[PDB]
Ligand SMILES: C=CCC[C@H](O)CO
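Only one chain is included here, represented as structure tokens and corresponding to the form deposited without ligand 217.
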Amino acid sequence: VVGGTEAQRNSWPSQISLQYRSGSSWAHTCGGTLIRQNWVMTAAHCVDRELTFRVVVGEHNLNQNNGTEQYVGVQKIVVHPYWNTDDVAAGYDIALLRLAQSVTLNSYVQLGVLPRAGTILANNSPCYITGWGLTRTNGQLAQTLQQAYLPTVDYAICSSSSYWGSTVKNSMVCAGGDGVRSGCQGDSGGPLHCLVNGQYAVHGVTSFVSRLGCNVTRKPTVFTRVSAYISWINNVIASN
């Protein structure tokens, strides 16, 4: 997260760190949202490499014991059938991970609230990006969970010339784009939490920023629109 601030420890209890084995240690690669006690929603491109993956819930500082973490292995990955590795701009950047065991819910580990199917936010809606991703373009991962206020940019403004043009679709949410605050590498897969009828719901799964850099003016962070996939998500948990 560029231009973030340190989140409090109990502010976003549905945030997870998706980690892969790195020699003899584990390294963070992506965020995600805990959506059932044994299911994580993350970005499809985070699970394209055929790595062994770890999910950590109750995580606040990647590099030191918090006394709140629960570590669980991924047992099955379900990427969206339409996702194509070569085309982030086509969309469908979403995957569901079934965990080896159910997590214990407490004030640090909670399920994320999903929107009703079809829900589009109006322009400038209050939203927050969270993650441990790079704090600068071509910089380094944060140690502690960062958060940045990233208001949405609706489809018409985002798919316009000056902004993302045709690269964004209606199955995506854009948010931010002020040139100060943004998602950045390592934040992919994570939540965009937007305030809706007094309740924070997860409306985005972080998917991409500009190739020019993370915090670029009129190039908001682009998220997969969760409410475009509620039937797909329910159908996977239903059969799996």
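So that there is no doubt, residue numbering starts at 1 and follows the sequence shown.
Unshown form solved in complex with ligand 217; subsequent notes refer to it.
With a 4.5 Å cutoff on heavy atoms, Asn63 counts as touching ligand 217 in the deposited complex.
Using a 4.5 angstroms threshold between heavy atoms, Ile157 stays clear of ligand 217 in the deposited complex. Among residues of the shown chain, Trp26 is one whose heavy atoms approach ligand 217 to within 4.5 Å in the deposited complex. By the criterion of a heavy atom within 4.5 Å, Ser14 is excluded from the residues contacting ligand 217 in the deposited complex. Against ligand 217 in the deposited complex, the set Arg9, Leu34 and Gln110 makes no contact: no member has a heavy atom within 4.5 Å. In terms of contact with ligand 217 in the deposited complex, the residue from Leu141, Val72, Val78, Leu114 that brings a heavy atom within 4.5 Å is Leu141.
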